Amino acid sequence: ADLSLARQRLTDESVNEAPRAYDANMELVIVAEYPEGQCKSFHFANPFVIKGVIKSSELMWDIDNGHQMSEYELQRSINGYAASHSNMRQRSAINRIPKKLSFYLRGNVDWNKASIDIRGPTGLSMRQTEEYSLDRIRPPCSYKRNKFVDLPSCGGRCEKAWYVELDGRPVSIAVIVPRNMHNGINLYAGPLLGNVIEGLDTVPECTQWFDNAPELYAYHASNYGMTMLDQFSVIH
């Protein structure tokens, strides 16, 4: 069927190549998994720089008998990890802290410069002893580069992931995903800068709650086209 197949091939190529267009978004899905198997996904998109910033209050599992906990209640629990004996808790809040964090990156990403910073519970640079004096961005460990794990993007050649296991303490997150400009053109240079600046931080973020991973796969990953890897190394 020469021309119906040609037409199919062109439609495939148009979908596969679309992310490399000027103003086509790079895509970031962050998934937090909790001990009982619930998943919280946070989606961020931008063509130029994704800035995926998540407070530690926003990373806790926050549902309680069908009701959403307040930032105040969640921050009260987190404080006990930040500042010794700063709350009244006599048992940990490990049940609501992520077991694991998954970062799914898709599109025309500069993989040399994508930065994923797991920061401490109140947003300071992670360290044994956090302090306003030693608080910075883009620490060397944040640049994952070839530590990102290739995943199928079904023809895009443009999806990778990074996984991290937490050890029972709350964290915040700062991810910076910059656009691949390795074609030699600096989109920030010359008159185009005003247009690039106008496009930063323009796309709504979306937070979703799932009672388990299959729900996450069925109603997020496979609905929109982000391949994810489960604990058995099976892709969905």
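Residue positions are given as counts along the sequence shown, with the first one as 1.
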Subject >> Higher-scoring stretch by recorded Cα B factor average, 58 to 66 or 174 to 182 >> reply: 58 to 66
Subject >> 87 to 95 versus 103 to 111 - which carries the larger mean C-alpha B factor in the record >> reply: 87 to 95
Original post:
For the listed residues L124, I137, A161, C154, which one has the largest C-alpha B-factor as given in the deposited model?
Top reply: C154
**OP:** Among all modelled residues of this chain, ranked by Cα B factor, put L187 in the bottom, middle or top third, i.e. lowest, middle or highest.
**Re:** highest
**OP:** Ordered by C-alpha B-factor within the chain, which third holds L216? Give me lowest, middle or highest, please.
**Re:** lowest
Original post:
Based on the entry's values, in what third of the chain does the Cα temperature factor of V53 lie: lowest, middle or highest?
Top reply: lowest
**OP:** Consider only the C-alpha atoms of the modelled residues in this chain, order them by B-factor as the entry records it, and name the third containing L200: lowest, middle or highest.
**Re:** highest
Subject >> CA B-factor ranking of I118, expressed as a third of its chain >> reply: lowest
